[PDB]
Amino acid sequence: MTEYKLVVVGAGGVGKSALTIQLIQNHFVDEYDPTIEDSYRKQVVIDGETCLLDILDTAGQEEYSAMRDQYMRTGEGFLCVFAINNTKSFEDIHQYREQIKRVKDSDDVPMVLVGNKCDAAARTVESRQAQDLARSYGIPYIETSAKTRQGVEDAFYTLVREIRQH
Ligand SMILES: Nc1nc2c(ncn2[C@@H]2O[C@H](COP(=O)(O)OP(=O)(O)NP(=O)(O)O)[C@@H](O)[C@H]2O)c(=O)[nH]1
Ligand SMILES: [Ca+2]
Ligand SMILES: [Ca+2]
Ligand SMILES: [Mg+2]
């Protein structure tokens, strides 16, 4: 069966782990335990193909920025996550997209932009602003909530579909 190596990146606290755990384990993690580097595996059927997803959940706390480079090198596609109630996390995306281009040494890496926490009441990043950033990179934008599970499968499965176009 086909294996896809996916990496989830973005600032601290935006919900990378909650998104991943919703996908893999079908529950919402309410507490905040910062991640170092965790890996998950799951067999799924996507568009009639039996796939193995190997997901690397990375640290957003900038103390681990150096260790991240070597883990990210093996990734085939990246989920770049910000939170729609955290303007700085959106402004930080550009940096993660530069780190990816450095570790992969390529300008054409499969990637999806994810605006998480779309259940939150205090939105400061409008959908149009994120669509414009995604358009500049040539990638899809999807909004998610790890809390309600909205968009979670869509975000990960769209990333697989992007890997398949490359
Ligand atoms: N309301 C809401 N809260 C969320 C959502 N996703 C994550 N959270 C909450 O935000 C906090 C941080 O989530 P977490 O997934 O640990 O963030 P992270 O990006 O993995 N942090 P780190 O980079 O430090 O590992 C948790 O309290 C979690 O419940 C969401 O979609 N909606
Ligand atoms: Ca819970
Ligand atoms: Ca985490
Ligand atoms: Mg504004």
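For all residues, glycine too, the Cβ spot is worked out from N, Cα and C.
Residues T35, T87 are shown; Swiss-Prot lists (Microbial infection) O-linked (Glc) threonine for one of them, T35. Between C80, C118, the residue that has S-nitrosocysteine written against it in Swiss-Prot is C118.
Swiss-Prot lists motif 'Effector region' for one of the ranges 32-40, 104-112, 140-148, namely 32-40.
Long-range Cβ neighbours of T35 (GTP binding site) (same chain, at least 6 residues apart, Cβ-Cβ under 8 Å): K16, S17, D57, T58, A59, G60.
Here the recorded positions are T2, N116, and the one ringed by the most other CB atoms within 10 angstroms is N116. Note: the CA-CA distance between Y32 (GTP binding site) and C118 (S-nitrosocysteine) rounds to 18 Å.
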